[PDB]
Each structure stands twice: as structure tokens, then as C-alpha cells.
Participant: 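Below are the C-alpha cells for one structure; questions will follow.
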Protein chains: 6
Amino acid sequence: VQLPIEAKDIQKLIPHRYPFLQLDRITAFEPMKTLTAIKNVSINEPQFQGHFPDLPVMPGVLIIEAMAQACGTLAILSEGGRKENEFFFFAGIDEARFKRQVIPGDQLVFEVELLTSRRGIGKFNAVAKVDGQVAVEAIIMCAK
Amino acid sequence: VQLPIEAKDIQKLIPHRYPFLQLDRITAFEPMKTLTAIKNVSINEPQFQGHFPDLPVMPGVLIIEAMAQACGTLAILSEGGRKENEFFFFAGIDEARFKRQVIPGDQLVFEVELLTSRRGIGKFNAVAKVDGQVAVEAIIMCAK
Amino acid sequence: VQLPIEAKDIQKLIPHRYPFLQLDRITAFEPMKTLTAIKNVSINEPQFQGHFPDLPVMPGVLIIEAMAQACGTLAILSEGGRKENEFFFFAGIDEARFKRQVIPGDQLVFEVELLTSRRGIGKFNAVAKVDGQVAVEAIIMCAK
Amino acid sequence: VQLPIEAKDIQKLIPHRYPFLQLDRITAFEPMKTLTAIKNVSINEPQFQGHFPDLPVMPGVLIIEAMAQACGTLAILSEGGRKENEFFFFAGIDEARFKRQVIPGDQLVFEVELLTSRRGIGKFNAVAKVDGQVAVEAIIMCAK
Amino acid sequence: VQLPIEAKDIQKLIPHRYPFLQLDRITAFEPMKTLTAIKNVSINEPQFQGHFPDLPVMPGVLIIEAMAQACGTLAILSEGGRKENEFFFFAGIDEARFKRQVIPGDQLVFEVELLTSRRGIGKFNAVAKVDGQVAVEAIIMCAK
Amino acid sequence: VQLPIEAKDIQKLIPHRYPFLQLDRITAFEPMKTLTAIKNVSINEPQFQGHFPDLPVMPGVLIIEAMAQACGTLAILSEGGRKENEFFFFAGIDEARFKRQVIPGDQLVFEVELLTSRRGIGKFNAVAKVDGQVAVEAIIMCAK
């Protein structure tokens with residue numbers, strides 16, 4: 001697979017579309033092992049009308065959603081799949097901590113790792129950094 | 001406090017606004033203990049443009065966000081507070097399981113419970129039901 | 001036909017899409033006679049940015065539009081039709097009364113009835129209830 | 001009062017905001033009698049994402065809503081009122097006929113007339129024209 | 001070609017969609033020479049949430065974008081092309097002056113003219129009028 | 001002034017709001033001379049629903065708008081002004097070339113310079129880079 005995977009091509013892999021596509025670009029990929037993706041945070045995003053009116057703060061849950069989407073794409077790429085034939089459900093979130101406020105101008109770097117794969121259910125470790133510092137970390141479960 | 005607390009009044013309690021206000025109404029409240037809230041799921045919501053284009057599925061993370069908002073309002077109401085004083089951060093998610101697809105037409109009923117309050121950090125149990133069945137359950141941490 | 005008809009399948013019947021699809025689910029249907037549909041009202045809907053800024057109130061005209069859509073789907077289902085082969089125009093509204101404020105958290109229940117079918121023009125009676133109380137009633141004309 | 005009343009000033013008269021402000025400009029006004037207003041129809045309006053995906057057609061109910069807003073502003077201007085003191089409810093619609101498809105590029109001209117004012121309830125005749133042809137006509141009731 | 005070209009058909013010619021389709025209707029056309037198009041400005045457009053919060057002012061750059069789209073369609077129509085085969089890039093803007101505030105209620109009339117076509121790069125003169133007065137004028141370059 | 005200036009504070013300087021605030025952060029500033037600002041490009045931005053449906057491409061005109069906003073803020077900061085105080089109009093664009101496609105994932109770096117200030121009219125040179133490469137360059141005029 002050709003890196004980086006641009007947003008236009010992430011869309012060929014997963015069905016998510018605006019305003020629920022929370023990855024901009026896949027930058028690293030080791031089959032069945034790891035993936036790096038980014039999401040640029042901009043004040044021109046729909047969530048910032050309401051979160052919060054004069055104080056833009058990237059919602060943690062959207063960072064979580066990006067983490068899950070990264071995990072899902074890692075899985076999909078690993079079996080050479082596409083959006084038309086395969087779906088991985090978001091099954092659970094495990095040890096999610098929100099450590100840093102993320103704001104417009106920040107580039108989120110997501111690093112995810114496949115830990116265990118018992119019976120179509122994948123357990124992943126996922127972290128989201130801004131400028132090297134951890135902003136959110138969590139364990140993410142996906143189910144085929 | 002006068003029940004039900006309508007959306008217009010939820011907004012006097014928390015700063016969240018469209019499209020990140022994910023409670024429609026508070027229906028039950030026991031100070032320092034429990035709260036029930038609802039969120040109506042409709043096809044006329046912004047997330048359903050992209051999640052997913054022909055197949056509307058309420059994103060789990062938005063159900064999580066609602067659960068967190070319910071926990072936070074339970075806390076706020078318990079110290080008779082408002083949106084303009086100080087704030088409860090979303091600190092973590094613990095044991096979140098996504099058990100049922102939620103779809104337009106479903107009314108989400110959120111029941112949350114304050115478990116422990118060890119030094120500014122509140123640990124809550126939260127469940128989200130549709131028609132009596134559990135759709136999502138999770139432990140939610142908020143920090144003052 | 002299999003009830004309830006979910007939003008995803010309402011979209012196979014009528015061309016309306018976000019933000020102008022104002023039915024969430026079809027719950028009852030008697031061919032050439034009656035139909036029940038619901039629409040969940042949530043603060044997370046686009047109209048509530050502007051109607052009104054701090055006071056969410058479901059616009060009557062959108063309740064009217066839902067009524068018309070329910071009438072139209074009753075008609076379509078009655079001739080086993082689809083969205084791709086022909087269209088029922090909204091021809092007129094006759095004795096529309098707005099009796100109750102509808103607000104986030106309310107579930108609108110729409111009950112519509114085919115009265116007469118003189119000359120490709122269908123005259124319907126339509127009512128919209130919240131919790132058993134009438135909120136809006138009207139006569140709706142559709143033309144094939 | 002100074003004519004034309006621009007959108008910026010229509011907003012000082014009525015509480016409606018995006019996406020539910022359906023008048024662009026007030027062009028004529030006779031106290032307690034008549035008003036003319038316009039609404040420009042553009043493909044760059046939020047309703048045209050869904051109404052309909054490849055076939056932009058101005059929803060009749062929004063034309064109705066504009067008619068009602070024109071009536072309401074006629075009333076407000078007639079008692080020299082503002083958005084912060086007075087509210088006129090939309091009470092009913094009477095003899096509404098949808099005669100012409102309205103499309104992007106059309107400028108809607110609204111001409112409304114106060115017929116009767118029995119006990120705080122105002123009955124108005126309203127027509128909406130494009131290029132001189134009637135597109136929608138209706139009787140509009142507002143209540144103080 | 002059949003005039004006027006309505007928005008529904010402009011979309012068969014160029015790929016631009018909501019909220020970046022800034023032409024409502026093509027009204028005049030001389031192959032390889034000139035084109036007239038209109039864009040209705042309405043308070044019900046997404047840019048007016050932010051530009052500016054209580055003071056709606058049509059952004060100059062969107063007028064520029066419309067001018068470019070008009071130039072592009074003039075080119076496309078001139079080689080009988082469509083959106084699925086041929087595309088013209090926006091290459092530059094030359095002598096753009098913003099002379100008049102444009103506001104809701106204004107109808108923008110765009111008149112564009114092909115000046116030179118040296119080697120796939122088309123240089124156009126473009127003006128945008130409201131009620132005959134120039135609001136914006138510019139030279140627009142497109143590249144095949 | 002304290003650098004970086006975050007989006008929340010850019011808003012105290014200029015009246016632009018969603019979806020027409022096209023700067024995320026001010027990173028450099030020399031009074032009456034230069035300014036650097038960034039804008040993160042994400043697939044989660046409103047323009048990418050329509051520009052273009054399956055092929056996200058940052059519109060050149062929005063890059064232009066950002067360049068102008070950067071120029072304007074340079075000016076505002078230089079006379080210690082604010083948004084409630086006064087306003088710099090966008091007066092013209094001079095020698096604008098679009099050299100590179102900008103896509104989700106790209107961070108735009110804007111570097112602007114005050115050239116001349118002949119009587120309330122400021123002439124600026126402006127460039128927008130992604131990863132060191134020029135994407136757009138232009139001369140920007142603002143008028144007080």
C-alpha cells in the first residue's frame with residue numbers, strides 16, 4: 001500500500017463521511033501491528049460552534065472516535081479489505097484518560113497498536129499526541 | 001429544582017451548544033446520587049450526513065458524550081451550581097461496552113449514578129437504554 | 001410491508017434527505033386508509049440554531065412538512081411504489097391549527113388519514129400529537 | 001420607518017435566525033395594512049442538500065414560513081414594537097395553494113395584507129410571487 | 001444549448017456542490033466569448049453565520065469564486081464538455097477590486113468575457129453587478 | 001503581545017466566525033512589518049462537502065481569505081486595536097497565483113508583509129506554504 005494514504009483514499013477504506021470522518025491522513029502502517037494517522041484541528045470545524053461558543057476545545061470523544069477509526073483502518077488494511085465488503089464495529093473503550101486540552105492549530109498524531117485478536121474481536125492500544133505530548137490514551141475494542 | 005429540566009434550561013447549567021449538546025431533557029434527579037436524562041435520536045441530526053451516508057447509526061461516542069454530560073449535570077445540580085462559575089472535566093472512560101445499534105426513532109434514556117468522590121474526581125456508572133434494553137454502558141470519570 | 005419502517009427504508013420510498021426528511025419511523029399502516037409515523041425532536045437539530053437562539057421551539061411548518069411527508073408515504077406505500085418512478089406534490093394546506101409548543105425531548109406522533117381521492121388529488125386529515133395531546137392538526141392535499 | 005429594511009434590521013424586529021430567517025429585505029409597508037418583502041432563493045441554502053439531492057426545489061413550507069414572518073413583521077412594525085418585548089405566535093394556515101415550483105435563481109416577492117384583527121388574533125392574506133406569477137397563496141393567522 | 005441553464009443543470013457541467021456552488025443560473029452565452037450568470041444572495045446561506053454574526057456581508061472571495069465558476073462554465077460550454085471528462089483549474093486573480101458591499105436581498109449578475117487563450121490558459125475579464133452597479137471586478141485565469 | 005495568539009484570541013481581534021474564520025493561530029509578529037499565522041486543513045471542514053464531493057481540495061479563495069485575514073490582523077495588532085473598535089475592509093487582490101493543490105492533512109503557513117500604507121490603504125505581500133513549498137502567493141489590499 002502506498003503511503004501516505006490521503007483523506008480521499010481513507011474514504012475508499014471506511015464508510016465514514018463529514019462530519020464523522022476524523023482522520024485526515026494515514027502516515028505509517030505495519031500490517032497486523034501498527035498504524036499512524038493524523039487529524040488536523042481547525043477552528044473551521046462544525047463542532048466548534050458549540051464546543052464551546054467562545055472557547056474552542058476539541059471534544060475528547062471525537063479524539064476517541066479518531067482513535068477507533070485508526071484502529072479500524074489498521075485492521076482493514078491488514079486483510080487488504082475495502083468499505084464495500086467489510087465492517088468493524090466499535091465494541092468498547094477501556095482505559096481512556098484525557099490528559100491535555102486540544103485546540104485549533106494542534107495537529108493530532110494517532111499511534112495505534114493491535115494487541116490481541118481473540119475471535120474476530122481486536123483489542124488495541126491507542127494514543128493521541130500533540131507536539132509529542134500525550135493528550136488522550138485509551139484501549140479500543142473493535143469487532144468484525 | 002423543577003423537573004423535567006428542559007433543554008433551554010440545561011443550557012443554563014452547562015456551556016455545551018449545538019452540535020455538542022447531547023441531552024434533550026433531565027427527567028429524574030436525586031442530589032449527590034442519581035439522574036435520568038433523555039436524548040431523542042432523529043434522522044434530522046448533523047451526524048447522520050456522514051454516519052453513515054445511507055445507513056443512519058448513532059455514533060457510540062456521542063452516546064458516551066451524553067452519558068458524560070448527564071454525569072456532569074448531576075454533579076452541577078448537586079452543588080446548586082451554574083455554567084458561569086467553575087467546570088467539570090471529562091477525565092476518563094472505564095468499561096464502556098456498545099451492545100446495541102441505536103437508530104433514528106430511538107429515545108435514549110440515560111441513568112447515571114455517582115459511585116465515589118475521591119478528592120474532586122467523581123466516578124460514575126452510566127447506562128443508556130432504548131426501550132428498556134441496554135445500548136451502551138460505561139464508567140465515567142469527571143474532575144472538578 | 002414489514003413494520004416498523006425505519007428511516008433507512010423511508011429513504012427508499014421518498015427522495016427527501018437531510019435537513020428536510022422529517023420522519024424518523026413509520027409505525028402503522030392501513031393500505032389506502034391510514035398511517036402512523038414518528039419524528040423525534042432533539043436539541044441537536046439544525047433548525048434550533050435559529051429557532052430560537054436561546055429558546056428551542058420546533059417550527060410549526062416543519063411539523064406541517066412531516067404531516068405532508070406522512071401523507072405522501074401512505075400514498076406511495078398504497079400503490080407499492082418507490083422514490084425513483086414518480087412524485088406526489090404538496091398541493092395545499094387547509095385548516096391548520098398550531099395548538100401546542102413542541103420542544104426538544106418531545107416525540108411527535110403523526111396520524112394521517114386518506115379522506116378523498118378526487119382526480120389524482122388526495123385530501124388527507126393529519127394530526128400531530130405529543131404525549132397524547134394534539135400539537136398540530138391540518139388538512140393536507142397531495143397531487144400525483 | 002426607513003425603507004428598505006435590510007436583513008440586519010429585520011433581525012432587530014424578530015428573533016428568527018439562520019436557518020429559519022426566511023426574509024431578506026422589507027421593501028414596502030403601510031401601517032396596519034400591507035407589507036412587501038423579498039427572499040432570494042439560492043442553491044447555497046441549507047435546505048437544498050436534502051430537498052432534493054439532485055433537484056433543488058424550494059420547499060413550500062418555507063415559503064409559508066416566510067409569508068408568516070412577513071405578516072408578523074407587518075404587525076410588529078405597526079405597533080412600533082421590537083424582538084425583545086413582543087411575540088406573535090403562528091396560529092394557523094387557511095387556504096394555502098402551491099401553484100408553482102420555486103427554484104434557485106428565483107426572487108420571491110411576498111405581498112401580505114391585514115384582513116381582520118378580532119381579539120389579538122390577526123388574519124392575513126398572503127401571496128408569494130416569482131416574476132409576477134403566483135407561486136404560493138395562503139391565509140395566515142398570527143396571535144399576540 | 002437551452003437558456004436559462006438552471007442550477008440543476010449547472011451541476012451537470014461542474015463538480016462544485018453545496019456550500020461551494022456559487023452560481024444559481026446561467027442566463028446568457030456566446031460560444032468562446034461571453035456568459036452571464038446570477039447568484040442570489042440570501043440571509044439563509046451558511047457563510048452568514050460567521051460573516052458577520054449580526055451583520056450579514058457577502059464575502060468578496062465568494063463573489064470571486066462565482067466569477068471563476070462563470071468563466072469556467074463559459075469554457076466548458078464552449079467545447080460542449082461536461083463535469084465527468086473536462087476540468088479547468090483556477091490559476092490566478094489579477095486586478096480584483098471590491099467596490100461595493102453586497103448584502104442579503106441582492107442579486108449578483110456576473111458578466112464574463114474570454115480575452116485570450118494562449119496555450120490552455122484562459123484569461124477572462126469578469127465583473128459582478130448588483131442592480132447595474134459594479135460590486136466586484138477582476139481578471140480571472142483558468143487552466144485546462 | 002503574547003505569542004502564539006490562539007484562535008480563541010484571534011476572535012477578540014476580528015469579527016469573523018465559523019465558517020469564515022480561516023486562521024487557527026498567530027505564530028509570529030513584527031509590529032508594522034510582518035506576521036506568521038497557520039490554518040490546519042482537515043477533511044472535517046464544511047467546504048469539503050461540496051469541494052469536491054469525492055475529492056477534497058481546499059478552495060484557493062479560502063486560502064486567499066486567510067491571507068487577507070492575516071494581513072488584517074497584522075494591521076490590527078500594530079495599532080493595538082480590537083474587533084469592537086474598528087475594521088479593515090478587503091479592497092483588492094493583485095497578483096494571485098495558485099501553484100499547488102492543498103489537501104486535508106496540510107498545514108498552511110501564512111507569511112505576510114506590510115509593503116506601503118498610502119492613506120489608510122495598506123498593500124501587503126502574502127504567501128501561503130505547505131511544507132516549505134508555495135501553494136498560493138498574492139498581493140492583498142486592505143482599507144481602514
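The chains referred to below are lettered A, B, ... by the order of the sequence lines, with proteins before strands, and numbering in each begins at 1. Below, each value reflects all heavy atoms present in this structure, side chains not excepted, and no hydrogens, waters or symmetry copies.
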Participant: Tell me, yes or no, whether the heavy-atom count around C:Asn85 atom CG, taken from other residues, nucleotides or ligands under 6.0 Å, exceeds 12.
Facilitator: yes
Participant: So how far is it from C:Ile64 CD1 to D:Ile64 CD1, rounded to the nearest 0.5 Å?
Facilitator: 8.5 Å
Participant: Quick one: what part of D:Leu62 sits under 4.5 Å from any heavy atom of chain C, side chain, backbone, both or neither?
Facilitator: side chain
Participant: Considering only heavy atoms and a distance below 4.5 Å, find which of C:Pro53, C:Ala68, C:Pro19 pairs most often with chain D.
Facilitator: C:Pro19
Participant: Are D:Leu55 and C:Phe87 side-chain neighbours, meaning at least one heavy-atom pair lies under 4.5 Å?
Facilitator: no
Participant: Highest number of heavy-atom pairs under 4.5 Å with chain D: which of C:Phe48, C:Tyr18, C:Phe89?
Facilitator: C:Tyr18
Participant: For D:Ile93, is it the side chain, the backbone, both, or neither that has a heavy atom closer than 4.5 Å to a heavy atom of chain C?
Facilitator: both
Participant: Please classify the contact of D:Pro15 with chain C as side chain, backbone, both or neither, using a heavy-atom distance under 4.5 Å.
Facilitator: both
Participant: Could you tell me which of C:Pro59, C:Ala143, C:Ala138 has the largest number of non-hydrogen atom pairs under 4.5 Å with chain D?
Facilitator: C:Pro59
Participant: Give the ring-plane orientation class for C:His51 versus D:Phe20, where under 30° counts as parallel, over 60° as perpendicular and anything between as tilted.
Facilitator: perpendicular
Participant: Tell me, out of D:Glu137, D:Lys99, D:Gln101, D:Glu65, who's got the most heavy-atom pairs with chain C below 4.5 Å.
Facilitator: D:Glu65
